[PDB]
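J.: Following this line is final02.csv, made up of CSV, N, CA and C atoms and all ligand atoms:
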```
chain,number,residue,atom,x,y,z
A,1,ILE,N,11.7,34.5,18.4
A,1,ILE,CA,10.9,34.7,17.2
A,1,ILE,C,9.7,33.8,17.2
A,2,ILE,N,9.8,32.6,17.8
A,2,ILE,CA,8.6,31.8,18.0
A,2,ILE,C,7.7,32.4,19.0
A,3,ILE,N,8.2,32.9,20.1
A,3,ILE,CA,7.4,33.5,21.2
A,3,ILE,C,6.6,34.7,20.7
A,4,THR,N,7.3,35.6,20.0
A,4,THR,CA,6.7,36.8,19.5
A,4,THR,C,6.6,36.7,18.0
A,5,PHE,N,5.6,36.1,17.5
A,5,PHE,CA,5.4,36.0,16.0
A,5,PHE,C,3.9,36.4,15.8
A,6,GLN,N,3.7,37.5,15.2
A,6,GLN,CA,2.3,38.0,14.9
A,6,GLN,C,1.6,37.1,13.8
A,7,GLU,N,0.3,37.1,13.8
A,7,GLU,CA,-0.5,36.3,12.9
A,7,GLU,C,-0.3,36.8,11.5
A,8,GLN,N,0.2,38.0,11.3
A,8,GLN,CA,0.5,38.5,9.9
A,8,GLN,C,2.0,38.6,9.6
A,9,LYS,N,-12.4,30.0,18.9
A,9,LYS,CA,-12.3,30.9,17.8
A,9,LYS,C,-11.6,30.3,16.6
A,10,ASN,N,-10.3,30.2,16.6
A,10,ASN,CA,-9.5,29.6,15.5
A,10,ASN,C,-10.0,28.2,15.3
A,11,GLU,N,-10.0,27.4,16.3
A,11,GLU,CA,-10.4,26.0,16.1
A,11,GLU,C,-11.9,25.9,15.8
A,12,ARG,N,-12.7,26.7,16.4
A,12,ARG,CA,-14.2,26.7,16.1
A,12,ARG,C,-14.4,27.2,14.7
A,13,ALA,N,-13.7,28.3,14.2
A,13,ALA,CA,-13.9,28.8,12.9
A,13,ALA,C,-13.4,27.7,11.9
A,14,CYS,N,-12.3,27.1,12.1
A,14,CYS,CA,-11.8,26.0,11.2
A,14,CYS,C,-12.8,24.9,11.1
A,15,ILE,N,-13.3,24.4,12.3
A,15,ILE,CA,-14.3,23.3,12.2
A,15,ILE,C,-15.5,23.7,11.5
A,16,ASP,N,-16.1,24.9,11.7
A,16,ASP,CA,-17.3,25.4,11.0
A,16,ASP,C,-17.0,25.5,9.5
A,17,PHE,N,-15.8,26.0,9.1
A,17,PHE,CA,-15.6,26.2,7.7
A,17,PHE,C,-15.3,24.8,7.0
A,18,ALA,N,-14.7,23.9,7.7
A,18,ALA,CA,-14.4,22.6,7.1
A,18,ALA,C,-15.6,21.6,7.2
A,19,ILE,N,-16.7,22.0,8.0
A,19,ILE,CA,-17.9,21.3,7.9
A,19,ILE,C,-18.7,21.5,6.6
A,20,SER,N,-18.3,22.5,5.8
A,20,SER,CA,-18.9,22.7,4.5
A,20,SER,C,-18.6,21.6,3.6
A,21,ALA,N,-17.3,21.2,3.6
A,21,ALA,CA,-16.8,20.1,2.7
A,21,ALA,C,-17.1,20.4,1.2
A,22,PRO,N,-18.1,5.2,-6.7
A,22,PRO,CA,-17.7,3.8,-6.9
A,22,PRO,C,-18.1,3.2,-8.2
A,23,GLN,N,-19.0,2.3,-8.2
A,23,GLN,CA,-19.4,1.6,-9.4
A,23,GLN,C,-20.7,0.8,-9.1
A,24,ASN,N,-21.6,0.7,-10.1
A,24,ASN,CA,-22.8,0.0,-9.9
A,24,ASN,C,-22.7,-1.5,-10.3
A,25,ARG,N,-23.8,-2.2,-10.3
A,25,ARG,CA,-23.9,-3.6,-10.5
A,25,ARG,C,-24.3,-3.9,-12.0
A,26,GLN,N,-23.3,-3.8,-12.9
A,26,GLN,CA,-23.7,-4.0,-14.3
A,26,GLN,C,-23.0,-5.3,-14.9
A,27,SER,N,-21.7,-5.4,-14.9
A,27,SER,CA,-21.1,-6.5,-15.7
A,27,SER,C,-19.8,-6.9,-15.0
A,28,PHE,N,-18.9,-7.5,-15.8
A,28,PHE,CA,-17.5,-7.7,-15.3
A,28,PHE,C,-16.9,-6.5,-14.7
A,29,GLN,N,-17.4,-5.3,-15.0
A,29,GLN,CA,-17.0,-4.1,-14.3
A,29,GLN,C,-17.2,-4.3,-12.8
A,30,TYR,N,-18.3,-4.9,-12.4
A,30,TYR,CA,-18.6,-5.1,-11.0
A,30,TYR,C,-17.7,-6.2,-10.4
A,31,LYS,N,-17.4,-7.2,-11.2
A,31,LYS,CA,-16.5,-8.3,-10.7
A,31,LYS,C,-15.1,-7.7,-10.4
A,32,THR,N,-14.6,-6.9,-11.3
A,32,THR,CA,-13.2,-6.3,-11.1
A,32,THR,C,-13.3,-5.3,-9.9
A,33,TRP,N,-14.4,-4.6,-9.8
A,33,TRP,CA,-14.5,-3.6,-8.7
A,33,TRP,C,-14.6,-4.3,-7.4
A,34,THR,N,-15.3,-5.4,-7.3
A,34,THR,CA,-15.4,-6.2,-6.0
A,34,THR,C,-14.1,-6.8,-5.7
A,35,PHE,N,-13.3,-7.2,-6.7
A,35,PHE,CA,-12.0,-7.7,-6.4
A,35,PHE,C,-11.1,-6.6,-5.8
A,36,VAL,N,-11.0,-5.5,-6.5
A,36,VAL,CA,-10.0,-4.5,-6.2
A,36,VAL,C,-10.4,-3.6,-5.0
A,37,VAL,N,-11.6,-3.6,-4.5
A,37,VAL,CA,-11.9,-2.9,-3.3
A,37,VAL,C,-11.7,-3.8,-2.1
A,38,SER,N,-11.6,-5.1,-2.3
A,38,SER,CA,-11.4,-6.1,-1.2
A,38,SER,C,-10.1,-5.7,-0.4
A,39,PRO,N,-10.1,-5.5,0.9
A,39,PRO,CA,-8.9,-5.1,1.6
A,39,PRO,C,-7.8,-6.2,1.5
A,40,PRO,N,-8.1,-7.5,1.2
A,40,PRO,CA,-7.0,-8.4,0.9
A,40,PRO,C,-6.2,-7.9,-0.4
A,41,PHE,N,-6.9,-7.3,-1.4
A,41,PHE,CA,-6.1,-6.9,-2.6
A,41,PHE,C,-5.2,-5.7,-2.2
A,42,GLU,N,-5.7,-4.8,-1.4
A,42,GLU,CA,-4.8,-3.6,-1.1
A,42,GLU,C,-3.7,-4.1,-0.2
A,43,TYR,N,-3.9,-5.0,0.7
A,43,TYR,CA,-2.8,-5.5,1.5
A,43,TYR,C,-1.8,-6.2,0.7
A,44,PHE,N,-2.3,-7.0,-0.3
A,44,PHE,CA,-1.4,-7.6,-1.3
A,44,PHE,C,-0.5,-6.6,-2.0
A,45,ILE,N,-1.2,-5.5,-2.5
A,45,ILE,CA,-0.4,-4.5,-3.3
A,45,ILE,C,0.6,-3.8,-2.4
A,46,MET,N,0.2,-3.5,-1.2
A,46,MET,CA,1.2,-2.8,-0.3
A,46,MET,C,2.3,-3.8,0.1
A,47,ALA,N,2.0,-5.1,0.2
A,47,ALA,CA,3.1,-6.1,0.3
A,47,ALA,C,4.0,-6.1,-0.9
A,48,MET,N,3.4,-6.0,-2.1
A,48,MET,CA,4.3,-6.0,-3.3
A,48,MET,C,5.1,-4.7,-3.4
A,49,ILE,N,4.6,-3.6,-2.9
A,49,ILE,CA,5.4,-2.3,-2.8
A,49,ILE,C,6.5,-2.6,-1.8
A,50,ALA,N,6.3,-3.2,-0.7
A,50,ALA,CA,7.4,-3.5,0.3
A,50,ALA,C,8.4,-4.4,-0.4
A,51,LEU,N,8.0,-5.5,-1.0
A,51,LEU,CA,8.9,-6.3,-1.7
A,51,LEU,C,9.7,-5.6,-2.8
A,52,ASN,N,9.1,-4.7,-3.5
A,52,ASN,CA,9.8,-4.0,-4.5
A,52,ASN,C,10.8,-3.0,-4.0
A,53,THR,N,10.5,-2.3,-2.8
A,53,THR,CA,11.6,-1.5,-2.2
A,53,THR,C,12.7,-2.4,-1.6
A,54,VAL,N,12.3,-3.6,-1.2
A,54,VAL,CA,13.3,-4.6,-0.8
A,54,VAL,C,14.3,-4.9,-2.0
A,55,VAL,N,13.7,-5.1,-3.1
A,55,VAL,CA,14.5,-5.3,-4.3
A,55,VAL,C,15.3,-4.1,-4.7
A,56,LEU,N,14.8,-2.9,-4.6
A,56,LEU,CA,15.5,-1.7,-4.8
A,56,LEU,C,16.7,-1.6,-3.8
A,57,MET,N,16.6,-2.1,-2.6
A,57,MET,CA,17.7,-2.0,-1.7
A,57,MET,C,18.7,-3.1,-1.8
A,58,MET,N,18.5,-4.1,-2.6
A,58,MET,CA,19.5,-5.2,-2.7
A,58,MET,C,20.6,-5.0,-3.7
A,59,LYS,N,20.5,-3.9,-4.5
A,59,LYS,CA,21.6,-3.6,-5.4
A,59,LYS,C,22.9,-3.4,-4.6
A,60,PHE,N,24.0,-3.9,-5.2
A,60,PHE,CA,25.3,-3.6,-4.6
A,60,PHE,C,26.4,-3.7,-5.7
A,61,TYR,N,27.6,-3.1,-5.4
A,61,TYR,CA,28.6,-3.0,-6.5
A,61,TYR,C,29.2,-4.4,-6.7
A,62,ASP,N,29.5,-4.7,-8.0
A,62,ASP,CA,30.2,-5.9,-8.4
A,62,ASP,C,29.4,-7.1,-8.1
A,63,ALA,N,28.1,-7.1,-8.4
A,63,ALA,CA,27.3,-8.3,-8.2
A,63,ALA,C,27.7,-9.4,-9.2
A,64,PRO,N,27.5,-10.6,-8.9
A,64,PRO,CA,28.0,-11.7,-9.7
A,64,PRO,C,27.3,-11.8,-11.1
A,65,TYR,N,26.3,-10.9,-11.4
A,65,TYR,CA,25.6,-10.9,-12.6
A,65,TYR,C,24.6,-12.0,-12.7
A,66,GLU,N,24.7,-13.0,-11.9
A,66,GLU,CA,23.6,-13.9,-11.6
A,66,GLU,C,22.6,-13.2,-10.6
A,67,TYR,N,23.2,-12.4,-9.7
A,67,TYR,CA,22.4,-11.6,-8.9
A,67,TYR,C,21.7,-10.4,-9.6
A,68,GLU,N,22.5,-9.8,-10.5
A,68,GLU,CA,22.0,-8.7,-11.3
A,68,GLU,C,20.8,-9.1,-12.2
A,69,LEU,N,21.0,-10.3,-12.8
A,69,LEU,CA,19.9,-10.9,-13.6
A,69,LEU,C,18.6,-11.1,-12.8
A,70,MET,N,18.8,-11.6,-11.6
A,70,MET,CA,17.7,-11.8,-10.6
A,70,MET,C,17.0,-10.5,-10.3
A,71,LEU,N,17.8,-9.5,-10.1
A,71,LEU,CA,17.2,-8.2,-9.8
A,71,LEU,C,16.5,-7.6,-10.9
A,72,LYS,N,17.0,-7.8,-12.2
A,72,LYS,CA,16.3,-7.3,-13.3
A,72,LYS,C,15.0,-8.1,-13.5
A,73,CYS,N,15.0,-9.4,-13.4
A,73,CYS,CA,13.8,-10.2,-13.5
A,73,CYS,C,12.8,-9.9,-12.5
A,74,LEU,N,13.2,-9.6,-11.2
A,74,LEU,CA,12.3,-9.2,-10.2
A,74,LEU,C,11.7,-7.9,-10.4
A,75,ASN,N,12.5,-6.9,-11.0
A,75,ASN,CA,11.9,-5.7,-11.4
A,75,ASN,C,10.9,-5.9,-12.5
A,76,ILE,N,11.1,-6.8,-13.5
A,76,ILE,CA,10.1,-7.1,-14.5
A,76,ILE,C,8.8,-7.6,-13.8
A,77,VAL,N,9.0,-8.5,-12.9
A,77,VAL,CA,7.8,-9.1,-12.3
A,77,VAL,C,7.0,-8.0,-11.5
A,78,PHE,N,7.7,-7.2,-10.7
A,78,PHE,CA,7.0,-6.2,-9.9
A,78,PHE,C,6.3,-5.1,-10.8
A,79,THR,N,7.0,-4.6,-11.8
A,79,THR,CA,6.4,-3.7,-12.7
A,79,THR,C,5.2,-4.3,-13.4
A,80,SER,N,5.3,-5.6,-13.7
A,80,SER,CA,4.2,-6.3,-14.4
A,80,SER,C,3.0,-6.4,-13.5
A,81,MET,N,3.2,-6.7,-12.2
A,81,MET,CA,2.1,-6.8,-11.3
A,81,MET,C,1.5,-5.4,-11.0
A,82,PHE,N,2.3,-4.4,-11.0
A,82,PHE,CA,1.8,-3.0,-10.8
A,82,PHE,C,1.0,-2.6,-12.0
A,83,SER,N,1.5,-2.9,-13.2
A,83,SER,CA,0.7,-2.6,-14.4
A,83,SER,C,-0.6,-3.4,-14.4
A,84,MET,N,-0.6,-4.6,-13.9
A,84,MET,CA,-1.8,-5.4,-13.9
A,84,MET,C,-2.8,-4.8,-12.9
A,85,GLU,N,-2.3,-4.3,-11.7
A,85,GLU,CA,-3.3,-3.7,-10.8
A,85,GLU,C,-3.8,-2.4,-11.3
A,86,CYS,N,-2.9,-1.6,-12.0
A,86,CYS,CA,-3.4,-0.3,-12.6
A,86,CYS,C,-4.4,-0.6,-13.6
A,87,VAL,N,-4.2,-1.6,-14.5
A,87,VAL,CA,-5.2,-1.9,-15.5
A,87,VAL,C,-6.5,-2.4,-14.8
A,88,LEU,N,-6.4,-3.2,-13.8
A,88,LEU,CA,-7.6,-3.7,-13.1
A,88,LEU,C,-8.4,-2.5,-12.5
A,89,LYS,N,-7.7,-1.6,-11.9
A,89,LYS,CA,-8.4,-0.4,-11.4
A,89,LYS,C,-9.0,0.4,-12.5
A,90,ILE,N,-8.3,0.5,-13.7
A,90,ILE,CA,-8.9,1.1,-14.9
A,90,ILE,C,-10.2,0.5,-15.2
A,91,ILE,N,-10.2,-0.8,-15.3
A,91,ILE,CA,-11.4,-1.6,-15.8
A,91,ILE,C,-12.4,-1.7,-14.7
A,92,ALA,N,-12.1,-1.5,-13.4
A,92,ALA,CA,-13.1,-1.4,-12.4
A,92,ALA,C,-13.7,0.0,-12.3
A,93,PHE,N,-12.9,1.0,-12.2
A,93,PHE,CA,-13.4,2.4,-12.2
A,93,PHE,C,-13.7,2.8,-13.7
A,94,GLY,N,-13.9,4.1,-13.9
A,94,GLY,CA,-13.9,4.7,-15.2
A,94,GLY,C,-12.6,5.3,-15.5
A,95,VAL,N,-12.3,5.6,-16.8
A,95,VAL,CA,-11.0,6.2,-17.1
A,95,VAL,C,-11.0,7.6,-16.5
A,96,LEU,N,-12.1,8.4,-16.6
A,96,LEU,CA,-12.1,9.7,-15.9
A,96,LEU,C,-12.2,9.5,-14.4
A,97,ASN,N,-12.8,8.5,-14.0
A,97,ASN,CA,-12.9,8.2,-12.5
A,97,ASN,C,-11.5,7.8,-12.0
A,98,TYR,N,-10.8,6.9,-12.7
A,98,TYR,CA,-9.4,6.5,-12.3
A,98,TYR,C,-8.5,7.7,-12.3
A,99,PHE,N,-8.5,8.6,-13.3
A,99,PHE,CA,-7.6,9.7,-13.4
A,99,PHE,C,-8.0,10.9,-12.6
A,100,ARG,N,-8.9,10.7,-11.6
A,100,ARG,CA,-9.3,11.8,-10.7
A,100,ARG,C,-9.2,11.4,-9.3
A,101,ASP,N,-8.1,10.9,-8.9
A,101,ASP,CA,-7.8,10.5,-7.5
A,101,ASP,C,-6.6,11.3,-6.9
A,102,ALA,N,-5.7,11.7,-7.7
A,102,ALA,CA,-4.4,12.4,-7.4
A,102,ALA,C,-3.4,11.4,-6.8
A,103,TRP,N,-3.8,10.1,-6.6
A,103,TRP,CA,-2.8,9.0,-6.3
A,103,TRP,C,-2.7,8.0,-7.5
A,104,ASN,N,-3.9,7.6,-8.0
A,104,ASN,CA,-3.8,6.7,-9.2
A,104,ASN,C,-3.2,7.3,-10.4
A,105,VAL,N,-3.2,8.7,-10.5
A,105,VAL,CA,-2.4,9.3,-11.6
A,105,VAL,C,-1.0,9.2,-11.3
A,106,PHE,N,-0.5,9.3,-10.1
A,106,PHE,CA,0.8,9.1,-9.7
A,106,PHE,C,1.3,7.7,-10.0
A,107,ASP,N,0.4,6.7,-9.6
A,107,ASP,CA,0.7,5.3,-9.8
A,107,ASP,C,0.8,5.0,-11.3
A,108,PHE,N,-0.1,5.6,-12.1
A,108,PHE,CA,0.0,5.4,-13.6
A,108,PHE,C,1.3,6.0,-14.2
A,109,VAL,N,1.7,7.2,-13.7
A,109,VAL,CA,2.9,7.8,-14.2
A,109,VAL,C,4.1,6.9,-13.8
A,110,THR,N,4.2,6.4,-12.6
A,110,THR,CA,5.3,5.5,-12.2
A,110,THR,C,5.3,4.2,-13.0
A,111,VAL,N,4.1,3.6,-13.2
A,111,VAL,CA,4.0,2.4,-14.0
A,111,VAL,C,4.5,2.5,-15.4
A,112,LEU,N,4.1,3.6,-16.1
A,112,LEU,CA,4.6,3.8,-17.4
A,112,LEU,C,6.1,4.2,-17.4
A,113,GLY,N,6.5,4.9,-16.4
A,113,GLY,CA,7.9,5.3,-16.3
A,113,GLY,C,8.8,4.0,-16.2
A,114,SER,N,8.4,3.1,-15.3
A,114,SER,CA,9.1,1.8,-15.1
A,114,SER,C,9.1,1.0,-16.4
A,115,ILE,N,7.9,1.0,-17.1
A,115,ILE,CA,7.8,0.2,-18.3
A,115,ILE,C,8.7,0.8,-19.4
A,116,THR,N,8.8,2.1,-19.5
A,116,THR,CA,9.7,2.8,-20.4
A,116,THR,C,11.1,2.5,-20.1
A,117,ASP,N,11.4,2.5,-18.8
A,117,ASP,CA,12.8,2.2,-18.3
A,117,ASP,C,13.2,0.8,-18.7
A,118,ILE,N,12.2,-0.2,-18.6
A,118,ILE,CA,12.5,-1.6,-19.0
A,118,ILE,C,12.8,-1.6,-20.5
A,119,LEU,N,11.9,-1.0,-21.3
A,119,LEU,CA,12.1,-1.0,-22.8
A,119,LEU,C,13.4,-0.3,-23.2
A,120,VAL,N,13.8,0.8,-22.5
A,120,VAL,CA,15.0,1.5,-22.8
A,120,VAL,C,16.2,0.7,-22.5
A,121,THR,N,16.2,0.0,-21.4
A,121,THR,CA,17.4,-0.7,-20.9
A,121,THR,C,17.9,-1.7,-22.0
A,122,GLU,N,17.0,-2.2,-22.8
A,122,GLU,CA,17.4,-3.1,-23.9
A,122,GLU,C,18.2,-2.3,-25.0
A,123,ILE,N,17.8,-1.1,-25.3
A,123,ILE,CA,18.3,-0.4,-26.4
A,123,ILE,C,18.9,1.0,-25.9
A,124,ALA,N,19.3,1.1,-24.6
A,124,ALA,CA,19.8,2.3,-24.1
A,124,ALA,C,21.1,2.7,-24.7
A,125,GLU,N,21.8,1.8,-25.4
A,125,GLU,CA,23.1,2.1,-25.9
A,125,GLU,C,23.1,3.1,-27.0
A,126,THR,N,22.0,3.2,-27.7
A,126,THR,CA,22.0,4.1,-28.9
A,126,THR,C,21.4,5.5,-28.6
A,127,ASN,N,21.1,5.8,-27.4
A,127,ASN,CA,20.5,7.1,-27.0
A,127,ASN,C,21.5,8.2,-27.0
A,128,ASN,N,22.5,8.1,-26.1
A,128,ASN,CA,23.6,9.1,-25.9
A,128,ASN,C,23.0,10.5,-25.6
B,1,LIG,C1,13.2,-7.4,7.0
B,1,LIG,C2,14.0,-6.1,7.2
B,1,LIG,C3,15.3,-6.4,8.0
B,1,LIG,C4,14.3,-5.4,5.8
B,1,LIG,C5,15.7,-6.0,5.2
B,1,LIG,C6,16.1,-5.3,3.9
B,1,LIG,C7,17.3,-6.0,3.1
B,1,LIG,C8,16.8,-6.3,1.7
B,1,LIG,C9,18.5,-5.1,3.0
B,1,LIG,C10,18.9,-4.7,4.5
B,1,LIG,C11,20.6,-4.3,4.3
B,1,LIG,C12,21.0,-5.0,2.9
B,1,LIG,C13,22.4,-5.8,2.7
B,1,LIG,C14,23.6,-4.9,3.4
B,1,LIG,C15,24.9,-5.7,3.3
B,1,LIG,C16,25.2,-6.3,1.8
B,1,LIG,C17,26.6,-6.9,1.4
B,1,LIG,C18,26.9,-7.0,0.0
B,1,LIG,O1,28.0,-7.9,-0.2
B,1,LIG,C19,29.3,-7.4,0.2
B,1,LIG,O2,29.5,-6.2,0.1
B,1,LIG,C20,30.4,-8.3,0.6
B,1,LIG,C21,30.6,-9.3,-0.6
B,1,LIG,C22,31.5,-8.8,-1.7
B,1,LIG,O3,31.2,-7.7,-2.3
B,1,LIG,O4,32.6,-9.3,-1.9
B,1,LIG,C23,25.7,-7.7,-0.7
B,1,LIG,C24,24.4,-7.0,-0.5
B,1,LIG,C25,24.1,-6.9,1.0
B,1,LIG,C26,23.9,-8.3,1.6
B,1,LIG,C27,22.6,-6.1,1.3
B,1,LIG,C28,21.5,-6.9,0.7
B,1,LIG,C29,20.0,-6.2,1.0
B,1,LIG,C30,19.8,-5.9,2.4
B,1,LIG,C31,20.0,-7.2,3.2
```
Render the structure in this file as structure tokens.
Ligand SMILES: CC(C)CCC[C@@H](C)[C@H]1CC[C@H]2[C@@H]3CC=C4C[C@@H](OC(=O)CCC(=O)O)CC[C@]4(C)[C@H]3CC[C@]12C

T.:
Amino acid sequence: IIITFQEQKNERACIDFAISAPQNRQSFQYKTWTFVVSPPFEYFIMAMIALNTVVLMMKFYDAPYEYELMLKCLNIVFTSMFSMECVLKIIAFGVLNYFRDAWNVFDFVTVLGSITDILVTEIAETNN
């Protein structure tokens, strides 16, 4: 089926067809933008992503509840720093600019989802 599969040049046509195809210096806007575009900041945030998945991997059954409290506090810290970086990118870019990346919208959804998870865990008993 692989050998005989009909289509119903190629590279050249694709190249020809695909050949068709920030922020200024005003205020604290520029300060935040200069901070958040620095590759150190992105390396830091991917390191925090790595540490957060490390925290997600450390759950296990019948934890001493001193370990569970540590995991909950670490989740608080990580979601707080993710919210901080999301707000920093908001105040560096524009709102319309931030919401037009297709990744920062995903990050925004996950940050608010984790925040809502944190708030619900306090009063999750009454939902049912
Ligand atoms: C730098 C690279 C290696 C990434 C490392 C990721 C770790 C955060 C992951 C790797 C496998 C996980 C561990 C796999 C084995 C368990 C045993 C579990 O304890 C037990 O089941 C026995 C004790 C008991 O229950 O009575 C506690 C969590 C723990 C250490 C896990 C904690 C998180 C770990 C270390």

J.: Using only C-alpha atoms, determine which residues lie at most 8 Å from range 47-60 of chain A, disregarding the query and same-chain residues fewer than 6 positions distant; provide the list as an MDAnalysis selection string.

T.: chainID A and resid 68 71 74:75 78

J.: Which one is closest to ligand LIG 1 (chain B): A:29, A:63, A:18, A:111? Count all atoms listed in the file.

T.: A:63

J.: Do you know which residues are at most 12 Å from residue 117 in chain A counting only C-alpha atoms, after dropping those on the same chain fewer than 6 positions away, and could you put them as a list in words?

T.: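 Skipping anything fewer than 6 positions along the chain leaves residues 72, 75, 76, 79, 110, 111, 123 and 124 of chain A.
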
J.: Work out how far atom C4 of ligand LIG 1 (chain B) is from CA of residue 86 in chain A, in Å to one decimal.

T.: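 Distance between the two atoms: 26.0 Å.
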
J.: Under the rule that only N, CA and C atoms and all ligand atoms are counted, which of A:122, A:31, A:62, A:23 is the nearest residue to ligand LIG 1 (chain B)?

T.: A:62

J.: For ligand LIG 1 (chain B), which of A:126, A:104, A:118, A:67 is the closest residue, counting only C-alpha atoms and all ligand atoms?

T.: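 The closest residue to ligand LIG 1 (chain B) is A:67.
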
J.: Would you please extract all alpha helix (DSSP H) residues from chain A, as assigned by DSSP on the backbone, and give them as a PyMOL selection string?

T.: chain A and resi 10-18+28-37+39-57+66-92+95-98+104-123

J.: State, in Å with one decimal place, the distance from CA of residue 27 in chain A to CA of residue 92 in chain A.

T.: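 So the two atoms, CA of residue 27 in chain A and CA of residue 92 in chain A, lie 10.0 Å apart.
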
J.: When you draw a straight line from CA of residue 85 in chain A to atom C of residue 113 in chain A, how long is it in Å?

T.: 15.3 Å

J.: Between A:6, A:94, A:61, A:17, which residue has the minimum interatomic distance to ligand LIG 1 (chain B), considering all atoms listed in the file?

T.: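 The answer is A:61, which sits nearest to ligand LIG 1 (chain B).
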
J.: Using only C-alpha atoms and all ligand atoms, pick whichever of A:64, A:14, A:7, A:96 has the shortest atom-to-atom distance to ligand LIG 1 (chain B).

T.: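 Nearest candidate to ligand LIG 1 (chain B) out of A:64, A:14, A:7, A:96: A:64.
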
J.: Which residue, A:8, A:41, A:3, A:15, has the smallest gap to residue 89 in chain A when you use only C-alpha atoms?

T.: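 Among the listed residues, the smallest separation from residue 89 in chain A belongs to A:41.
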